[PDB]
Structures are given as structure tokens and as C-alpha cells.
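Consider the single chain below, provided in C-alpha cells and representing the form deposited in one PDB entry.
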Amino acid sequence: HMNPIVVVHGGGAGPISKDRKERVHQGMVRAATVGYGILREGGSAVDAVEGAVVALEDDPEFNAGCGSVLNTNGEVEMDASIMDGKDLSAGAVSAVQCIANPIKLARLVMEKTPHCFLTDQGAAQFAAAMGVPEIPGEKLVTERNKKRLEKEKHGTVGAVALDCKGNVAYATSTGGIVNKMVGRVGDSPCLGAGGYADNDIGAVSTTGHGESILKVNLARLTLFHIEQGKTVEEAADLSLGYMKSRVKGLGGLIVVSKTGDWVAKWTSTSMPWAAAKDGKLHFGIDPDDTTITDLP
């Protein structure tokens, strides 16, 4: 049976301040750690990635759940999806409000409906039906996000895993881009763009410019090259380069093959990432500055 793996990412975007980096490092650590714990206790790939993403949702340092960037009217509107590599079963929500964990709502879409994707009003009704708390909107909104919205007027997080039965899955969640139009949905809830997971290939979650990732189908394009026998680093580079060269888009991705190989590559300035395997934890943000600590 397979040695499990989890890989996590935050936003594939521009440079990050030094104080942030420390808060960021700990966040990538907490979610990688949380996800791997699940796998080391016999849990599924879906459990793991759901677990890591929740961690980043609950962490105000990340553009997902509490800490989501603001729309053009200063409200949080969140998108997410999750996908089971075994039968390709999937769950998604877009433009959901007043909840803590869009990724869990996403998981409920998959497991407790015959659908794959709900939006806005219906998503909110379904939440209520599932006994998902409704939190005051102001709780998701941070003071620092306000300064982004007030200023801008005048990145997506996620996870992939390979589990101890050799199954794969991705989860992704975002608040989107600062000053987005109300009801702007990006790449996250859109299968093949914000992520893709198939047991016959591997799994991918993307991040960066939502519209660009959508236009080129970045997650599934990444896996196609793996289908043709490109290596994981070979495929991520080709796929990302094509978003750059065709639609002028930048961003990042992480991947795990069904054989255990993994990578994190980004054409954006930075992308916080972490990978746990063989009892060790890998972490970074900027190119060629990784650390590798022991995960007891």
C-alpha cells in the first residue's frame, strides 16, 4: 500500500512581507500537519484535504473562510470545491456567505445531494438544511482586508493528497480577488480549473489569477501532460507556461501522481506551500528557499 502524502498551498501571487511570512509559515505547517495526521490514522484522501483546507479557512492569515478578501461592496463571498479521485465524485459551492467553512459545505454537496455544485441562495438554503451555523458576516471580515478594499478602489488556498489505499483528492477554497464584482465566481468551484482528481493519473490544485486558470483549464491540463508521460515537474511547468504565454496569466499549482511523486511550482512571484511525506515536513514561499523539518 502507498505511503500517504499531503501537499498544501496558499495564494500564488506577488511578494510577501517578512512578519507575514512567519505567520504564513505556521499556517502552512498547521494544515500540512493536520492533513497528514488524518492520513496517518487511516483516513481517506478526501478527509485529509478537507482537513488541511479547513485549517486555512479558520486561519485569518489566508484568503479563505475567515480572512477572505472583500468584494467591491465589502462583503465576503466564498467559493470552494472538493473531488474524490476514485469515481471522480465532486462537490462545489460558489458565492456563499455567512458560513465558516465553504469546503465542508462543499463536501456535503458531494455526499448528501445528487448534485456536484450549488450557488448563492440555494447553497445558503442547503447550509441551513444541513444545520451549518450562520455567522455574522463581520466575523469573516478582518480589519486588514478593509484596507485592501478601501485602498484597491482608490490568493486561493488548497490541498492534494494520496492516501494509504492509493486514492487521491483535492480541496480548494477562496474569497477570490480584492474588489471583485458581486457574485464573481472564479476557478475554485469549476472542476478541471481550480483542481482535478482522478486515481488513474493523480490530483492537482491551482492558485493565482482565477479567470486565467478557468480559461485554460489549468488543473486538468496539468494532468493531461502526466497522461502523456511528462513527469510531474515537467507537466506543471508546461501547463503554467501555457497560461503565461496564451492568456498572460500567472499563478501556481501543486500535484501528486498516483505513484507518489509530487511537486509545487509557480509562475507568480511567490506561493506558500508545504508537503508532508515519509515523516518529514517540507515548507516554502519563495523559489529555492525551502525548509525540511521532522514531523514527529
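Note that residue numbering begins at 1 and tracks the sequence as displayed.
**Prompt:** Is it true that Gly158 has no coordinates in a third or more of the other entries in the comparison?
**Reply:** Looking at the other entries that model residues on either side of it, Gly158 is present in every one.
**Unresolved deposited residues lying between neighbours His154 and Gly155** = Missing residues, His154 to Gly155: 10 or more.
**Message:** Which is higher on mean Cα B factor in this entry, 44 to 52 or 22 to 30?
**Reply:** So the stretch with the higher mean C-alpha B-factor is 22 to 30.
**Prompt:** Do the C-alpha atoms of 145 to 153 or of 88 to 96 have the higher average B factor in the entry?
**Reply:** Comparing 88 to 96 with 145 to 153, the higher average CA B-factor belongs to 145 to 153.
**Prompt:** Which one of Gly192, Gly137, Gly183, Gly210 shows the biggest C-alpha B-factor in the PDB entry?
**Reply:** The listed residue with the largest C-alpha B-factor is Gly137.
**Modelled-residue ranking by C-alpha temperature factor, third containing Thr113** = Within its chain, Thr113 is a middle-third residue by C-alpha B-factor, going by the deposited values.
**Prompt:** Considering only modelled residues of the same chain, in which third does the CA B-factor of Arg220 rank: lowest, middle or highest?
**Reply:** Within its chain, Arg220 is a middle-third residue by C-alpha B-factor, going by the deposited values.
**Message:** When the deposited Cα B-factors of this chain's modelled residues are ordered and cut into thirds, is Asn63 in the lowest, the middle or the highest one?
**Reply:** Lowest third - that is where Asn63 ends up once the chain's C-alpha B-factors are sorted.
**Record-listed C-alpha B factor of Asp187: chain third** = Answer is lowest: the recorded C-alpha B-factor places it there.
**Message:** Considering every modelled residue of the chain and its Cα B-factor in the PDB entry, is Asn73 in the lowest, middle or highest third?
**Reply:** For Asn73, the deposited C-alpha B-factor lands in the highest third.
Omitted here: the form solved in complex with a small molecule. The next part is about that form.
**Item:** Contact stretch among 180 to 188, 118 to 126, 80 to 88, 161 to 169 - heavy atom within 4.5 Å of the small molecule in the entry with it bound
**Value:** In the other structure, the partner sits against 180 to 188.
**Item:** Distance check, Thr222 to the small molecule in the entry with it bound, heavy atom within 4.5 Å
**Value:** It does not: once the small molecule is placed as it appears in the entry with it bound, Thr222 has no heavy atom within 4.5 Å of it.
**Message:** Test of understanding: in the entry with it bound, would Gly202 fall inside 4.5 Å of the small molecule by heavy atoms?
**Reply:** No, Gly202 sits far enough from the small molecule in the entry with it bound that none of its heavy atoms falls within 4.5 Å.
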